[PDB]
$ cat protein.pdb   # PDB, N, CA and C atoms
ATOM      1  N   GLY A   1      -5.209  26.159   2.495
ATOM      2  CA  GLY A   1      -4.250  25.387   1.671
ATOM      3  C   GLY A   1      -4.952  24.471   0.691
ATOM      4  N   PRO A   2      -4.196  23.662  -0.069
ATOM      5  CA  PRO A   2      -4.752  22.747  -1.064
ATOM      6  C   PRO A   2      -5.329  21.492  -0.421
ATOM      7  N   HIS A   3      -6.443  21.656   0.277
ATOM      8  CA  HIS A   3      -7.063  20.551   0.989
ATOM      9  C   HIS A   3      -7.873  19.680   0.034
ATOM     10  N   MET A   4      -7.166  18.930  -0.792
ATOM     11  CA  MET A   4      -7.793  17.983  -1.695
ATOM     12  C   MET A   4      -7.241  16.592  -1.450
ATOM     13  N   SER A   5      -8.134  15.650  -1.228
ATOM     14  CA  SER A   5      -7.746  14.272  -1.000
ATOM     15  C   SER A   5      -8.730  13.341  -1.701
ATOM     16  N   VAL A   6      -8.206  12.365  -2.423
ATOM     17  CA  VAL A   6      -9.036  11.448  -3.189
ATOM     18  C   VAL A   6      -8.834  10.018  -2.720
ATOM     19  N   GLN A   7      -9.905   9.248  -2.710
ATOM     20  CA  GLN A   7      -9.834   7.864  -2.274
ATOM     21  C   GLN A   7      -9.391   6.988  -3.436
ATOM     22  N   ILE A   8      -8.501   6.052  -3.169
ATOM     23  CA  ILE A   8      -8.015   5.180  -4.220
ATOM     24  C   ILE A   8      -8.633   3.797  -4.079
ATOM     25  N   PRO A   9      -9.348   3.335  -5.109
ATOM     26  CA  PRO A   9      -9.955   2.009  -5.102
ATOM     27  C   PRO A   9      -8.909   0.905  -5.166
ATOM     28  N   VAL A  10      -8.974  -0.003  -4.212
ATOM     29  CA  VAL A  10      -8.033  -1.107  -4.149
ATOM     30  C   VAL A  10      -8.683  -2.391  -4.642
ATOM     31  N   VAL A  11      -8.019  -3.045  -5.577
ATOM     32  CA  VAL A  11      -8.504  -4.300  -6.114
ATOM     33  C   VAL A  11      -7.855  -5.462  -5.374
ATOM     34  N   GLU A  12      -8.671  -6.350  -4.832
ATOM     35  CA  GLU A  12      -8.151  -7.509  -4.129
ATOM     36  C   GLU A  12      -8.041  -8.691  -5.068
ATOM     37  N   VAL A  13      -6.849  -8.862  -5.594
ATOM     38  CA  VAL A  13      -6.561  -9.916  -6.549
ATOM     39  C   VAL A  13      -5.725 -11.001  -5.895
ATOM     40  N   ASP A  14      -5.436 -12.051  -6.646
ATOM     41  CA  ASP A  14      -4.585 -13.114  -6.153
ATOM     42  C   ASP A  14      -3.162 -12.850  -6.609
ATOM     43  N   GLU A  15      -3.047 -11.927  -7.563
ATOM     44  CA  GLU A  15      -1.767 -11.436  -8.047
ATOM     45  C   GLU A  15      -1.995 -10.367  -9.108
ATOM     46  N   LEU A  16      -0.945  -9.635  -9.451
ATOM     47  CA  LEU A  16      -1.044  -8.573 -10.442
ATOM     48  C   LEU A  16      -1.169  -9.159 -11.839
ATOM     49  N   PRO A  17      -1.863  -8.450 -12.741
ATOM     50  CA  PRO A  17      -1.969  -8.854 -14.142
ATOM     51  C   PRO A  17      -0.635  -8.713 -14.867
ATOM     52  N   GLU A  18      -0.559  -9.276 -16.064
ATOM     53  CA  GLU A  18       0.663  -9.233 -16.850
ATOM     54  C   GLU A  18       1.066  -7.795 -17.148
ATOM     55  N   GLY A  19       2.360  -7.532 -17.082
ATOM     56  CA  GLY A  19       2.858  -6.187 -17.272
ATOM     57  C   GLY A  19       3.394  -5.601 -15.983
ATOM     58  N   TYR A  20       2.906  -6.114 -14.861
ATOM     59  CA  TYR A  20       3.354  -5.661 -13.551
ATOM     60  C   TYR A  20       4.602  -6.412 -13.108
ATOM     61  N   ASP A  21       5.275  -5.872 -12.103
ATOM     62  CA  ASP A  21       6.479  -6.490 -11.569
ATOM     63  C   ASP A  21       6.240  -6.993 -10.154
ATOM     64  N   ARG A  22       5.911  -8.268 -10.050
ATOM     65  CA  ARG A  22       5.687  -8.898  -8.764
ATOM     66  C   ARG A  22       6.909  -9.708  -8.362
ATOM     67  N   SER A  23       7.163  -9.774  -7.068
ATOM     68  CA  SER A  23       8.295 -10.516  -6.551
ATOM     69  C   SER A  23       7.804 -11.612  -5.613
TER      70      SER A  23
ATOM     71  N   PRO B  24       0.630 -12.322  30.677
ATOM     72  CA  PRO B  24      -0.234 -11.610  29.713
ATOM     73  C   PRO B  24      -1.127 -10.606  30.432
ATOM     74  N   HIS B  25      -0.829  -9.324  30.270
ATOM     75  CA  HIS B  25      -1.636  -8.272  30.876
ATOM     76  C   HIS B  25      -2.056  -7.247  29.831
ATOM     77  N   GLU B  26      -1.111  -6.848  28.990
ATOM     78  CA  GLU B  26      -1.369  -5.831  27.979
ATOM     79  C   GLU B  26      -0.603  -6.137  26.699
ATOM     80  N   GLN B  27      -0.455  -7.413  26.406
ATOM     81  CA  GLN B  27       0.197  -7.843  25.186
ATOM     82  C   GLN B  27      -0.850  -8.163  24.133
ATOM     83  N   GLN B  28      -0.534  -7.896  22.877
ATOM     84  CA  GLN B  28      -1.466  -8.162  21.794
ATOM     85  C   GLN B  28      -0.796  -8.897  20.651
ATOM     86  N   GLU B  29      -1.606  -9.635  19.919
ATOM     87  CA  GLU B  29      -1.161 -10.378  18.756
ATOM     88  C   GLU B  29      -2.073 -10.080  17.573
ATOM     89  N   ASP B  30      -3.196  -9.438  17.873
ATOM     90  CA  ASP B  30      -4.178  -9.061  16.861
ATOM     91  C   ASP B  30      -3.750  -7.780  16.155
ATOM     92  N   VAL B  31      -2.729  -7.134  16.703
ATOM     93  CA  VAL B  31      -2.157  -5.941  16.104
ATOM     94  C   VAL B  31      -1.455  -6.292  14.798
ATOM     95  N   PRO B  32      -1.878  -5.660  13.702
ATOM     96  CA  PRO B  32      -1.275  -5.872  12.393
ATOM     97  C   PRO B  32       0.130  -5.292  12.308
ATOM     98  N   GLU B  33       1.054  -6.106  11.839
ATOM     99  CA  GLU B  33       2.425  -5.686  11.659
ATOM    100  C   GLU B  33       2.750  -5.673  10.172
ATOM    101  N   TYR B  34       2.696  -4.493   9.582
ATOM    102  CA  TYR B  34       2.980  -4.337   8.166
ATOM    103  C   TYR B  34       4.456  -4.071   7.940
ATOM    104  N   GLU B  35       4.943  -4.450   6.772
ATOM    105  CA  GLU B  35       6.322  -4.204   6.407
ATOM    106  C   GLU B  35       6.377  -3.550   5.035
ATOM    107  N   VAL B  36       6.925  -2.350   5.000
ATOM    108  CA  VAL B  36       6.979  -1.543   3.789
ATOM    109  C   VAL B  36       8.331  -1.676   3.088
ATOM    110  N   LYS B  37       8.286  -1.906   1.780
ATOM    111  CA  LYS B  37       9.488  -1.975   0.959
ATOM    112  C   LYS B  37       9.339  -0.996  -0.198
ATOM    113  N   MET B  38      10.364  -0.200  -0.452
ATOM    114  CA  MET B  38      10.276   0.834  -1.475
ATOM    115  C   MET B  38      11.298   0.582  -2.578
ATOM    116  N   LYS B  39      10.902   0.794  -3.826
ATOM    117  CA  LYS B  39      11.773   0.482  -4.955
ATOM    118  C   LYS B  39      11.572   1.499  -6.075
ATOM    119  N   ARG B  40      12.674   2.009  -6.606
ATOM    120  CA  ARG B  40      12.632   3.045  -7.633
ATOM    121  C   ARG B  40      12.699   2.440  -9.035
ATOM    122  N   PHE B  41      11.832   2.916  -9.916
ATOM    123  CA  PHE B  41      11.790   2.449 -11.299
ATOM    124  C   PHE B  41      12.005   3.606 -12.268
ATOM    125  N   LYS B  42      12.844   3.385 -13.265
ATOM    126  CA  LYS B  42      13.112   4.392 -14.282
ATOM    127  C   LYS B  42      12.646   3.907 -15.649
ATOM    128  N   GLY B  43      11.705   4.633 -16.241
ATOM    129  CA  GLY B  43      11.263   4.324 -17.589
ATOM    130  C   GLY B  43      10.214   3.230 -17.641
ATOM    131  N   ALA B  44       9.552   2.987 -16.524
ATOM    132  CA  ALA B  44       8.521   1.967 -16.461
ATOM    133  C   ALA B  44       7.147   2.606 -16.350
ATOM    134  N   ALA B  45       6.102   1.794 -16.447
ATOM    135  CA  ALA B  45       4.737   2.282 -16.291
ATOM    136  C   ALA B  45       4.534   2.858 -14.894
ATOM    137  N   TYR B  46       5.406   2.453 -13.986
ATOM    138  CA  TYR B  46       5.400   2.928 -12.622
ATOM    139  C   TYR B  46       6.801   3.399 -12.269
ATOM    140  N   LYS B  47       6.885   4.480 -11.519
ATOM    141  CA  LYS B  47       8.168   5.079 -11.178
ATOM    142  C   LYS B  47       8.591   4.622  -9.796
ATOM    143  N   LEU B  48       7.618   4.188  -9.018
ATOM    144  CA  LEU B  48       7.875   3.738  -7.668
ATOM    145  C   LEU B  48       7.032   2.507  -7.354
ATOM    146  N   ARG B  49       7.668   1.494  -6.784
ATOM    147  CA  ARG B  49       6.961   0.305  -6.334
ATOM    148  C   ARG B  49       7.057   0.202  -4.818
ATOM    149  N   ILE B  50       5.915   0.185  -4.152
ATOM    150  CA  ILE B  50       5.886   0.096  -2.701
ATOM    151  C   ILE B  50       5.164  -1.180  -2.293
ATOM    152  N   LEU B  51       5.798  -1.958  -1.439
ATOM    153  CA  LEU B  51       5.249  -3.227  -1.003
ATOM    154  C   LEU B  51       4.940  -3.188   0.480
ATOM    155  N   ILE B  52       3.685  -3.415   0.825
ATOM    156  CA  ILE B  52       3.276  -3.434   2.220
ATOM    157  C   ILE B  52       2.574  -4.745   2.536
ATOM    158  N   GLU B  53       3.260  -5.640   3.221
ATOM    159  CA  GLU B  53       2.672  -6.924   3.561
ATOM    160  C   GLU B  53       2.334  -6.982   5.039
ATOM    161  N   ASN B  54       1.352  -7.796   5.368
ATOM    162  CA  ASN B  54       0.924  -7.968   6.746
ATOM    163  C   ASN B  54       1.568  -9.221   7.315
ATOM    164  N   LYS B  55       2.534  -9.034   8.193
ATOM    165  CA  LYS B  55       3.250 -10.146   8.790
ATOM    166  C   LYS B  55       3.291  -9.998  10.304
ATOM    167  N   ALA B  56       2.330 -10.617  10.959
ATOM    168  CA  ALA B  56       2.219 -10.565  12.406
ATOM    169  C   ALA B  56       1.881 -11.950  12.940
ATOM    170  N   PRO B  57       1.985 -12.188  14.264
ATOM    171  CA  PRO B  57       1.602 -13.469  14.856
ATOM    172  C   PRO B  57       0.196 -13.854  14.438
ATOM    173  N   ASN B  58      -0.718 -12.911  14.595
ATOM    174  CA  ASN B  58      -2.107 -13.115  14.194
ATOM    175  C   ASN B  58      -2.562 -12.009  13.261
ATOM    176  N   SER B  59      -2.818 -10.847  13.847
ATOM    177  CA  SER B  59      -3.329  -9.681  13.129
ATOM    178  C   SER B  59      -4.762  -9.906  12.652
ATOM    179  N   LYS B  60      -5.576  -8.876  12.790
ATOM    180  CA  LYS B  60      -6.966  -8.944  12.381
ATOM    181  C   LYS B  60      -7.356  -7.753  11.494
ATOM    182  N   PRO B  61      -6.924  -7.755  10.224
ATOM    183  CA  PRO B  61      -7.303  -6.712   9.276
ATOM    184  C   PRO B  61      -8.777  -6.809   8.905
ATOM    185  N   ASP B  62      -9.413  -5.665   8.760
ATOM    186  CA  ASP B  62     -10.830  -5.625   8.436
ATOM    187  C   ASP B  62     -11.026  -5.157   7.006
ATOM    188  N   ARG B  63     -10.746  -3.888   6.762
ATOM    189  CA  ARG B  63     -10.938  -3.313   5.450
ATOM    190  C   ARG B  63      -9.667  -2.628   4.966
ATOM    191  N   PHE B  64      -9.633  -2.319   3.685
ATOM    192  CA  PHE B  64      -8.553  -1.539   3.116
ATOM    193  C   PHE B  64      -9.128  -0.360   2.359
ATOM    194  N   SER B  65      -8.912   0.830   2.884
ATOM    195  CA  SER B  65      -9.422   2.032   2.256
ATOM    196  C   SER B  65      -8.305   3.056   2.119
ATOM    197  N   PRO B  66      -7.461   2.886   1.098
ATOM    198  CA  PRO B  66      -6.364   3.801   0.827
ATOM    199  C   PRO B  66      -6.839   5.054   0.108
ATOM    200  N   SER B  67      -6.149   6.151   0.335
ATOM    201  CA  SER B  67      -6.527   7.421  -0.260
ATOM    202  C   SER B  67      -5.312   8.331  -0.392
ATOM    203  N   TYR B  68      -5.262   9.074  -1.484
ATOM    204  CA  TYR B  68      -4.155   9.970  -1.756
ATOM    205  C   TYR B  68      -4.562  11.410  -1.503
ATOM    206  N   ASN B  69      -3.889  12.042  -0.568
ATOM    207  CA  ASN B  69      -4.140  13.440  -0.273
ATOM    208  C   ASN B  69      -3.092  14.327  -0.933
ATOM    209  N   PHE B  70      -3.546  15.154  -1.875
ATOM    210  CA  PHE B  70      -2.666  16.039  -2.639
ATOM    211  C   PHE B  70      -2.015  17.062  -1.725
ATOM    212  N   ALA B  71      -2.714  17.383  -0.643
ATOM    213  CA  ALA B  71      -2.248  18.359   0.331
ATOM    214  C   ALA B  71      -0.851  18.019   0.836
ATOM    215  N   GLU B  72      -0.648  16.756   1.185
ATOM    216  CA  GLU B  72       0.623  16.315   1.741
ATOM    217  C   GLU B  72       1.336  15.379   0.771
ATOM    218  N   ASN B  73       0.709  15.181  -0.396
ATOM    219  CA  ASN B  73       1.169  14.244  -1.441
ATOM    220  C   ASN B  73       1.505  12.866  -0.861
ATOM    221  N   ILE B  74       0.618  12.369  -0.009
ATOM    222  CA  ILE B  74       0.827  11.092   0.653
ATOM    223  C   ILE B  74      -0.338  10.140   0.392
ATOM    224  N   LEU B  75      -0.006   8.883   0.134
ATOM    225  CA  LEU B  75      -0.995   7.839  -0.080
ATOM    226  C   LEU B  75      -1.092   6.987   1.181
ATOM    227  N   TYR B  76      -2.146   7.176   1.954
ATOM    228  CA  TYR B  76      -2.298   6.415   3.180
ATOM    229  C   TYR B  76      -3.127   5.167   2.913
ATOM    230  N   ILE B  77      -2.749   4.073   3.563
ATOM    231  CA  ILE B  77      -3.414   2.790   3.367
ATOM    232  C   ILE B  77      -4.592   2.653   4.319
ATOM    233  N   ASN B  78      -4.305   2.836   5.593
ATOM    234  CA  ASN B  78      -5.307   2.777   6.646
ATOM    235  C   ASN B  78      -4.834   3.639   7.797
ATOM    236  N   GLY B  79      -5.649   3.761   8.831
ATOM    237  CA  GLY B  79      -5.278   4.571   9.976
ATOM    238  C   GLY B  79      -4.284   3.874  10.883
ATOM    239  N   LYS B  80      -3.321   3.192  10.281
ATOM    240  CA  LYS B  80      -2.304   2.496  10.999
ATOM    241  C   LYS B  80      -0.950   2.880  10.389
ATOM    242  N   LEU B  81      -0.926   3.054   9.069
ATOM    243  CA  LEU B  81       0.270   3.517   8.372
ATOM    244  C   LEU B  81      -0.076   4.218   7.059
ATOM    245  N   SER B  82       0.801   5.112   6.644
ATOM    246  CA  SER B  82       0.638   5.831   5.398
ATOM    247  C   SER B  82       1.922   5.765   4.578
ATOM    248  N   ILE B  83       1.785   5.783   3.262
ATOM    249  CA  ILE B  83       2.935   5.734   2.375
ATOM    250  C   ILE B  83       3.151   7.094   1.717
ATOM    251  N   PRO B  84       4.132   7.862   2.204
ATOM    252  CA  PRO B  84       4.446   9.168   1.642
ATOM    253  C   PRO B  84       5.201   9.060   0.328
ATOM    254  N   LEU B  85       4.789   9.853  -0.643
ATOM    255  CA  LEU B  85       5.446   9.861  -1.935
ATOM    256  C   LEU B  85       6.435  11.008  -1.995
ATOM    257  N   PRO B  86       7.601  10.787  -2.611
ATOM    258  CA  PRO B  86       8.595  11.835  -2.779
ATOM    259  C   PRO B  86       8.067  12.938  -3.680
ATOM    260  N   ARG B  87       8.363  14.174  -3.318
ATOM    261  CA  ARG B  87       7.832  15.333  -4.028
ATOM    262  C   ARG B  87       8.473  15.464  -5.406
ATOM    263  N   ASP B  88       9.384  14.550  -5.708
ATOM    264  CA  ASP B  88      10.056  14.514  -6.996
ATOM    265  C   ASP B  88       9.143  13.873  -8.035
ATOM    266  N   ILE B  89       8.126  13.182  -7.546
ATOM    267  CA  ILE B  89       7.194  12.471  -8.399
ATOM    268  C   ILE B  89       5.830  13.150  -8.384
ATOM    269  N   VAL B  90       5.224  13.270  -9.553
ATOM    270  CA  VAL B  90       3.855  13.743  -9.650
ATOM    271  C   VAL B  90       2.910  12.549  -9.634
ATOM    272  N   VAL B  91       2.141  12.432  -8.570
ATOM    273  CA  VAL B  91       1.290  11.275  -8.383
ATOM    274  C   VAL B  91      -0.173  11.680  -8.259
ATOM    275  N   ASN B  92      -1.030  10.894  -8.889
ATOM    276  CA  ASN B  92      -2.463  11.141  -8.897
ATOM    277  C   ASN B  92      -3.215   9.831  -8.769
ATOM    278  N   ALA B  93      -4.501   9.920  -8.449
ATOM    279  CA  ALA B  93      -5.336   8.744  -8.222
ATOM    280  C   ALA B  93      -5.396   7.853  -9.454
ATOM    281  N   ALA B  94      -5.144   8.447 -10.607
ATOM    282  CA  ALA B  94      -5.215   7.721 -11.870
ATOM    283  C   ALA B  94      -3.915   6.980 -12.156
ATOM    284  N   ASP B  95      -2.867   7.364 -11.449
ATOM    285  CA  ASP B  95      -1.541   6.800 -11.665
ATOM    286  C   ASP B  95      -1.234   5.789 -10.572
ATOM    287  N   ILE B  96      -1.906   5.971  -9.446
ATOM    288  CA  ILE B  96      -1.789   5.080  -8.305
ATOM    289  C   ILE B  96      -2.489   3.745  -8.568
ATOM    290  N   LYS B  97      -1.708   2.673  -8.606
ATOM    291  CA  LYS B  97      -2.244   1.335  -8.824
ATOM    292  C   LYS B  97      -2.142   0.522  -7.533
ATOM    293  N   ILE B  98      -3.276   0.304  -6.875
ATOM    294  CA  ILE B  98      -3.298  -0.420  -5.606
ATOM    295  C   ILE B  98      -3.972  -1.783  -5.752
ATOM    296  N   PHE B  99      -3.230  -2.837  -5.434
ATOM    297  CA  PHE B  99      -3.738  -4.199  -5.522
ATOM    298  C   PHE B  99      -3.368  -4.984  -4.270
ATOM    299  N   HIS B 100      -4.366  -5.541  -3.614
ATOM    300  CA  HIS B 100      -4.142  -6.317  -2.403
ATOM    301  C   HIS B 100      -4.294  -7.806  -2.681
ATOM    302  N   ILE B 101      -3.193  -8.537  -2.580
ATOM    303  CA  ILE B 101      -3.228  -9.983  -2.722
ATOM    304  C   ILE B 101      -3.474 -10.629  -1.365
ATOM    305  N   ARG B 102      -4.579 -11.346  -1.253
ATOM    306  CA  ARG B 102      -4.962 -11.976   0.002
ATOM    307  C   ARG B 102      -4.221 -13.297   0.195
ATOM    308  N   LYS B 103      -3.788 -13.881  -0.914
ATOM    309  CA  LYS B 103      -3.059 -15.143  -0.900
ATOM    310  C   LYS B 103      -1.792 -15.039  -0.050
ATOM    311  N   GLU B 104      -1.068 -13.937  -0.201
ATOM    312  CA  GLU B 104       0.154 -13.723   0.560
ATOM    313  C   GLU B 104      -0.021 -12.617   1.596
ATOM    314  N   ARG B 105      -1.230 -12.057   1.648
ATOM    315  CA  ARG B 105      -1.543 -10.943   2.545
ATOM    316  C   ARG B 105      -0.625  -9.755   2.266
ATOM    317  N   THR B 106      -0.333  -9.519   0.992
ATOM    318  CA  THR B 106       0.588  -8.464   0.618
ATOM    319  C   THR B 106      -0.115  -7.413  -0.229
ATOM    320  N   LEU B 107       0.173  -6.154   0.046
ATOM    321  CA  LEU B 107      -0.429  -5.061  -0.689
ATOM    322  C   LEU B 107       0.599  -4.445  -1.637
ATOM    323  N   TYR B 108       0.353  -4.577  -2.933
ATOM    324  CA  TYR B 108       1.249  -4.034  -3.946
ATOM    325  C   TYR B 108       0.814  -2.639  -4.382
ATOM    326  N   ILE B 109       1.741  -1.696  -4.287
ATOM    327  CA  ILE B 109       1.512  -0.325  -4.718
ATOM    328  C   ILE B 109       2.423   0.014  -5.895
ATOM    329  N   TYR B 110       1.831   0.403  -7.012
ATOM    330  CA  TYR B 110       2.599   0.827  -8.173
ATOM    331  C   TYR B 110       2.214   2.249  -8.554
ATOM    332  N   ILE B 111       3.205   3.113  -8.688
ATOM    333  CA  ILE B 111       2.966   4.500  -9.054
ATOM    334  C   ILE B 111       3.965   4.932 -10.115
TER     335      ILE B 111
END

$ encode --input "protein.pdb" --output "structure tokens"
Amino acid sequence: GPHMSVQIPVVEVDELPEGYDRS
Amino acid sequence: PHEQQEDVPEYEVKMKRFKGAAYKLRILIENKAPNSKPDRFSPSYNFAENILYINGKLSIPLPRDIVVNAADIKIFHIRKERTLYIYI
């Protein structure tokens, strides 16, 4: 089967940059 | 106290649909437990099952209605509120 998996880099911020929708 | 734990991380997932935005889906996973002892965060998207897993404790499955890739997946962990923001 399509055994492809990619790791996603996570950024540890204090909040999202402008343009994002934070609650 | 014999087999009770408080170091166990208790995450809470919230899902939200977006139309016409830079992201089509917003997923919120915060760590809310008595104590909890998180170590690392190593999320990864497997095309095989089209699922974005956060850690070996929980995974965030994406609806097959959405085409999602590592370049579209925006993962940001805020330590201030111990909340993990997922934008896709």

$ resolve_selection --input "protein.pdb" --expression "the PyMOL selection byres ((chain B and name CA) within 8 of (chain A and name CA))" --output "mmCIF file with N, CA and C atoms, keeping the file's coordinate frame"
data_model
loop_
_atom_site.group_PDB
_atom_site.id
_atom_site.type_symbol
_atom_site.label_atom_id
_atom_site.label_comp_id
_atom_site.auth_asym_id
_atom_site.auth_seq_id
_atom_site.Cartn_x
_atom_site.Cartn_y
_atom_site.Cartn_z
ATOM 1 N N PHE B 64 -9.633 -2.319 3.685
ATOM 2 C CA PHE B 64 -8.553 -1.539 3.116
ATOM 3 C C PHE B 64 -9.128 -0.360 2.359
ATOM 4 N N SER B 65 -8.912 0.830 2.884
ATOM 5 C CA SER B 65 -9.422 2.032 2.256
ATOM 6 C C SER B 65 -8.305 3.056 2.119
ATOM 7 N N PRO B 66 -7.461 2.886 1.098
ATOM 8 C CA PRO B 66 -6.364 3.801 0.827
ATOM 9 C C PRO B 66 -6.839 5.054 0.108
ATOM 10 N N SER B 67 -6.149 6.151 0.335
ATOM 11 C CA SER B 67 -6.527 7.421 -0.260
ATOM 12 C C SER B 67 -5.312 8.331 -0.392
ATOM 13 N N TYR B 68 -5.262 9.074 -1.484
ATOM 14 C CA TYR B 68 -4.155 9.970 -1.756
ATOM 15 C C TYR B 68 -4.562 11.410 -1.503
ATOM 16 N N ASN B 69 -3.889 12.042 -0.568
ATOM 17 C CA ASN B 69 -4.140 13.440 -0.273
ATOM 18 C C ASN B 69 -3.092 14.327 -0.933
ATOM 19 N N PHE B 70 -3.546 15.154 -1.875
ATOM 20 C CA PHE B 70 -2.666 16.039 -2.639
ATOM 21 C C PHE B 70 -2.015 17.062 -1.725
ATOM 22 N N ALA B 71 -2.714 17.383 -0.643
ATOM 23 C CA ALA B 71 -2.248 18.359 0.331
ATOM 24 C C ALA B 71 -0.851 18.019 0.836
ATOM 25 N N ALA B 93 -4.501 9.920 -8.449
ATOM 26 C CA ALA B 93 -5.336 8.744 -8.222
ATOM 27 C C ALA B 93 -5.396 7.853 -9.454
ATOM 28 N N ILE B 96 -1.906 5.971 -9.446
ATOM 29 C CA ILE B 96 -1.789 5.080 -8.305
ATOM 30 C C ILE B 96 -2.489 3.745 -8.568
ATOM 31 N N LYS B 97 -1.708 2.673 -8.606
ATOM 32 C CA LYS B 97 -2.244 1.335 -8.824
ATOM 33 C C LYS B 97 -2.142 0.522 -7.533
ATOM 34 N N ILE B 98 -3.276 0.304 -6.875
ATOM 35 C CA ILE B 98 -3.298 -0.420 -5.606
ATOM 36 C C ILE B 98 -3.972 -1.783 -5.752
ATOM 37 N N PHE B 99 -3.230 -2.837 -5.434
ATOM 38 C CA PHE B 99 -3.738 -4.199 -5.522
ATOM 39 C C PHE B 99 -3.368 -4.984 -4.270
ATOM 40 N N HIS B 100 -4.366 -5.541 -3.614
ATOM 41 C CA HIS B 100 -4.142 -6.317 -2.403
ATOM 42 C C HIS B 100 -4.294 -7.806 -2.681
ATOM 43 N N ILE B 101 -3.193 -8.537 -2.580
ATOM 44 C CA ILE B 101 -3.228 -9.983 -2.722
ATOM 45 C C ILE B 101 -3.474 -10.629 -1.365
ATOM 46 N N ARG B 102 -4.579 -11.346 -1.253
ATOM 47 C CA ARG B 102 -4.962 -11.976 0.002
ATOM 48 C C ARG B 102 -4.221 -13.297 0.195
ATOM 49 N N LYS B 103 -3.788 -13.881 -0.914
ATOM 50 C CA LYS B 103 -3.059 -15.143 -0.900
ATOM 51 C C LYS B 103 -1.792 -15.039 -0.050
#

$ select_by_dssp --input "protein.pdb" --residues "range 37-104 of chain B" --states "strand (DSSP E)" --output "PyMOL selection string"
chain B and resi 37-40+48-54+67-69+74-78+81-84+97-101

$ atom_distance --input "protein.pdb" --atom1 "CA of residue 57 in chain B" --atom2 "CA of residue 28 in chain B"
9.3 Å

$ residues_around --input "protein.pdb" --residues "residue 60 in chain B" --least-positions-apart "3" --cutoff "9 Å" --atoms "only C-alpha atoms" --output "ChimeraX atom specification"
/B:29-32

$ write_last_selection --input "protein.pdb" --atoms "N, CA and C atoms" --output "mmCIF file, in the coordinates of the input"
data_model
loop_
_atom_site.group_PDB
_atom_site.id
_atom_site.type_symbol
_atom_site.label_atom_id
_atom_site.label_comp_id
_atom_site.auth_asym_id
_atom_site.auth_seq_id
_atom_site.Cartn_x
_atom_site.Cartn_y
_atom_site.Cartn_z
ATOM 1 N N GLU B 29 -1.606 -9.635 19.919
ATOM 2 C CA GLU B 29 -1.161 -10.378 18.756
ATOM 3 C C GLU B 29 -2.073 -10.080 17.573
ATOM 4 N N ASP B 30 -3.196 -9.438 17.873
ATOM 5 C CA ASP B 30 -4.178 -9.061 16.861
ATOM 6 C C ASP B 30 -3.750 -7.780 16.155
ATOM 7 N N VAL B 31 -2.729 -7.134 16.703
ATOM 8 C CA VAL B 31 -2.157 -5.941 16.104
ATOM 9 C C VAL B 31 -1.455 -6.292 14.798
ATOM 10 N N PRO B 32 -1.878 -5.660 13.702
ATOM 11 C CA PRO B 32 -1.275 -5.872 12.393
ATOM 12 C C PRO B 32 0.130 -5.292 12.308
#

$ atom_distance --input "protein.pdb" --atom1 "atom C of residue 85 in chain B" --atom2 "atom N of residue 73 in chain B"
7.3 Å

$ atom_distance --input "protein.pdb" --atom1 "CA of residue 61 in chain B" --atom2 "CA of residue 40 in chain B"
27.9 Å

$ residues_near_point --input "protein.pdb" --point "(4.3, -5.4, -2.1)" --cutoff "6 Å" --atoms "all atoms listed in the file" --output "tab-separated table (two decimals) with N, CA and C atoms, in the frame of the given file"
chain	number	residue	atom	x	y	z
B	50	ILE	N	5.92	0.18	-4.15
B	50	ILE	CA	5.89	0.10	-2.70
B	50	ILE	C	5.16	-1.18	-2.29
B	51	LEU	N	5.80	-1.96	-1.44
B	51	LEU	CA	5.25	-3.23	-1.00
B	51	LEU	C	4.94	-3.19	0.48
B	52	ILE	N	3.68	-3.42	0.82
B	52	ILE	CA	3.28	-3.43	2.22
B	52	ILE	C	2.57	-4.74	2.54
B	53	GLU	N	3.26	-5.64	3.22
B	53	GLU	CA	2.67	-6.92	3.56
B	53	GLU	C	2.33	-6.98	5.04
B	106	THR	N	-0.33	-9.52	0.99
B	106	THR	CA	0.59	-8.46	0.62
B	106	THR	C	-0.12	-7.41	-0.23
B	107	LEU	N	0.17	-6.15	0.05
B	107	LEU	CA	-0.43	-5.06	-0.69
B	107	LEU	C	0.60	-4.44	-1.64
B	108	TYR	N	0.35	-4.58	-2.93
B	108	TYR	CA	1.25	-4.03	-3.95
B	108	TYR	C	0.81	-2.64	-4.38
B	109	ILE	N	1.74	-1.70	-4.29
B	109	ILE	CA	1.51	-0.32	-4.72
B	109	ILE	C	2.42	0.01	-5.90

$ residues_near_point --input "protein.pdb" --point "(3.3, -0.5, 10.6)" --cutoff "6.5 Å" --atoms "all atoms listed in the file" --output "ChimeraX atom specification"
/B:32-35,80-81

$ resolve_selection --input "protein.pdb" --expression "the PyMOL selection byres (((chain B and resi 111 and name CA) around 8) and name CA)" --output "PyMOL selection string"
chain B and resi 45-49+91+95-97+109-110

$ axis_aligned_box --input "protein.pdb" --around "range 16-22 of chain A" --padding-each-side "3 Å" --output "lines of an AutoDock Vina configuration file"
center_x = 2.5
center_y = -7.7
center_z = -12.8
size_x = 14.9
size_y = 10.1
size_z = 14.9
